[PDB]
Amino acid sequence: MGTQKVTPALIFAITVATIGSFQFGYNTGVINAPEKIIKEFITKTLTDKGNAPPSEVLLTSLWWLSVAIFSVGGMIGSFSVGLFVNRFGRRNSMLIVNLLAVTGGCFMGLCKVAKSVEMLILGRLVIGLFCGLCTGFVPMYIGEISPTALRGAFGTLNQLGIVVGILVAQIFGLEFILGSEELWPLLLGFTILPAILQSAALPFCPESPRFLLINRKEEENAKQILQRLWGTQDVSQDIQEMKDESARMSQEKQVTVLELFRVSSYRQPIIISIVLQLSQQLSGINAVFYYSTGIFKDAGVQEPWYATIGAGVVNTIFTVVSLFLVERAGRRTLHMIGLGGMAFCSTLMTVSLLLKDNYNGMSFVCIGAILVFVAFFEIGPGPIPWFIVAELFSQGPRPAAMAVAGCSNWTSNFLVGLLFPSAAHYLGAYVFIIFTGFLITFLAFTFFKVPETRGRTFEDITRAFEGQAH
């Protein structure tokens, strides 16, 4: 660490940033529990306005839209971060977009008294736009303000917020809390509250000193912010690394999305970045989490909702585990262990499901395979892809790279949700071998293609990619 310290100022800045991480997880998970309540609302709204009750095809379509419009907004929002972070800075970008969070949350809080299914859909679209921007803003901000030796650990706090957000959404979704016919608008409108908290706290967070020095050429301002955030007057190594990056950025054209696919020096890290996002989403994690309740039920769990909250607890615990390991073990090891362990668990889900009606006891194996699958996911493929893109690029290309990577994350998220019900319909229990195939494929890619970034400066990582490109 040299003289660099973890100050209360640093903890404060990063915690406040990860409120957007909490928003992404909360809004990802909140919609699942009140599904029947919300379909009832859709039917009652369509009839109360005169129309004939929806068929189940129509109800399913409108519910699918209510869920999926979120991912569409996330695809658009994540791809749009480059429009914000260089124009307003990283800190102010997070501040401004909470207008989206409050607006989207109000559309969802008010759709029932407005008797407006459109307002529900618009809300989920707006909150997806917000969350898409967040999933880009937060790791960029944390990656740019963390000490190098702790960039991975601090990067994992983003995923910690996501999984804490999911767990809170599951808990609030319990019917004796907010997941009731009366209170489900509050379950969705809750997202306004973190946003108000974060917006109150963000002015007191520092701008990224890398943004200030490199993008804005304010060396003295950056240096002062670094000295306070890290609790030391000696920041010469880091300042000089930033001046190196500033010199490099000055000598290369402004980076565009398309250019990331033309320049050889950028093509390797952007392929890595995109592939690592796929390895997260094409693990099937959101298919496994969402369908876990029905799988638990078919395995005999008498109260399957508490087993899914158990999965959410496991999801949180092993994010903390990854947090305390990623600087020791490094990115490669944790990510590969997660992919490999998930490969085993998804395969075991297929095997247990195929045998459980014949072999007494395999039901307990289905239950364990789901829970262990989630633990392995959070060892690496959960947290690492969200923060790794920030450390794979230097200052100039990072916003356009994270726009692309994040969009690929949301798009593959969408594609799993789009295609999984059909594949499960044809393949039954074999559907999880599809995720096994991706997991194994991406484990091979990781072992052969993903450099170790732990404890390395951005300049050192970028130089290695340029050396390879030569």
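The numbering used is simple: start at 1 and walk along the sequence shown.
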Exercise. Select between 190-198 and 106-114 the stretch whose C-alpha atoms have the higher average B-factor in the entry.
Key: 106-114
Quiz item: Hey, which bit's got the bigger mean C-alpha B factor in the entry, 353-361 or 157-165?
Solution: 353-361
Quiz item: Highest Cα B-factor in the PDB entry belongs to which of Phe137, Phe79, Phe261, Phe387?
Solution: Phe261
Quiz item: When you compare the CA B-factors of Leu443, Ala403, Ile69, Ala52 as listed in the entry, which one comes out on top?
Solution: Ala52
Exercise. Among all modelled residues of this chain, ranked by Cα B factor, put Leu65 in the bottom, middle or top third, i.e. lowest, middle or highest.
Key: middle
Quiz item: How does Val57 rank on Cα B-factor within its chain, lowest, middle or highest third?
Solution: highest
Self-check item: Modelled-residue ranking by C-alpha temperature factor, third containing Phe435
Solution: highest
Exercise. Would you mind checking where the Cα B-factor of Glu241 ranks among the modelled residues of its chain, as the lowest, middle or highest third?
Key: lowest
Quiz item: Would the CA B-factor of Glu144 place it in the lowest, middle or highest third of its chain?
Solution: lowest
